[PDB]
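Notes follow once the structure below has been shown.
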Amino acid sequence: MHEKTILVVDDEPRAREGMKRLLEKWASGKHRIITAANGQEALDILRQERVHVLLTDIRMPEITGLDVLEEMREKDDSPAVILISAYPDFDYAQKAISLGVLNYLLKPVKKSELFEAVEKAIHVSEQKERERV
Ligand SMILES: [Mg+2]
């Protein structure tokens, strides 16, 4: 009951683990924070386990965060997606819009905006868990 799995993907170790640490005290043990170091690790985790919220960097070698998304729009319980990037890139944002991202946060993320996005994402997750009837 109640406990959601949040996957944070970033190819920079300090950004990845820092964000993990931020979310881990924001969750206060109520949720499960996990991390991946790149797009292939994230895809591996996404295919083997329920992820409710996906928080991912966009620019990663070989497989971008947008690439990851296009593999999940092709699946059943696709997670709610927050993208993150150091780049205010309109092309990424436009593609992200077209793929249904919930938030595009810029680095470094203000923990105010980051907590806000995850809460909306956790909420959006419950909304489509109830459409099994
Ligand atoms: Mg990166």
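Residue numbers start at 1 in each chain; chains themselves are named A, B, ... in the order of the structure tokens; ligands are numbered from 1 in the order shown.
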- Query: Which residues form the shell of 7 Å around ligand 1 when you count only C-alpha atoms and all ligand atoms, given as a ChimeraX atom specification?
  - Reply: /A:10-12,57-60
Export C-alpha atoms of the chosen residues as a PDB file, in the first residue's frame?
ATOM      1  CA  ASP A  10      21.654  11.055 -14.469  1.00  0.00           C
ATOM      2  CA  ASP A  11      25.037  10.233 -16.003  1.00  0.00           C
ATOM      3  CA  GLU A  12      26.852  12.581 -13.640  1.00  0.00           C
ATOM      4  CA  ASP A  57      18.490  13.817 -17.368  1.00  0.00           C
ATOM      5  CA  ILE A  58      18.008  14.397 -21.103  1.00  0.00           C
ATOM      6  CA  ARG A  59      21.603  14.546 -22.523  1.00  0.00           C
ATOM      7  CA  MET A  60      23.286  11.213 -21.759  1.00  0.00           C
TER       8      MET A  60
END
- Could you pull out the strand (DSSP E or B) residues of chain A from DSSP and send them as a list in words?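 Filtering chain A down to strand (DSSP E or B) leaves residues 5, 6, 7, 8, 9, 32, 33, 34, 35, 36, 53, 54, 55, 56, 57, 80, 81, 82, 83, 84, 85, 103, 104, 105 and 106 of chain A.
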Check which residues of segment 59-114 of chain A sit at most 7 Å from segment 31-46 of chain A using only C-alpha atoms, and return one row each with the closest pair of atoms and their distance in Å to one decimal, ordered by chain and rising number, as JSON lines.
{"residue": "A:60", "atom": "CA", "partner": "A:38", "partner_atom": "CA", "distance": 6.4}
{"residue": "A:63", "atom": "CA", "partner": "A:39", "partner_atom": "CA", "distance": 5.2}
{"residue": "A:64", "atom": "CA", "partner": "A:39", "partner_atom": "CA", "distance": 6.2}
{"residue": "A:65", "atom": "CA", "partner": "A:39", "partner_atom": "CA", "distance": 6.4}
{"residue": "A:68", "atom": "CA", "partner": "A:39", "partner_atom": "CA", "distance": 6.2}
- Message: I'd like to know which of A:28, A:48, A:5, A:56 is closest to residue 104 of chain A, using only C-alpha atoms.
- Response: A:56
- as a PyMOL selection string, please: all residues of chain A that backbone DSSP puts in alpha helix (DSSP H). chain A and resi 13-27+39-48+65-72+90-98+111-129
- Message: Which residues are near residue 66 of chain A? Cut-off 12 Å, only C-alpha atoms, ignore same chain within fewer than 4 positions. Put them as number ranges by chain.
- Response: A: 9, 38-39, 42-43, 54-62, 70-73, 81-85, 91-101, 104
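You will find atom CA of residue 19 of chain A at 17.3 Å from atom CA of residue 80 of chain A.
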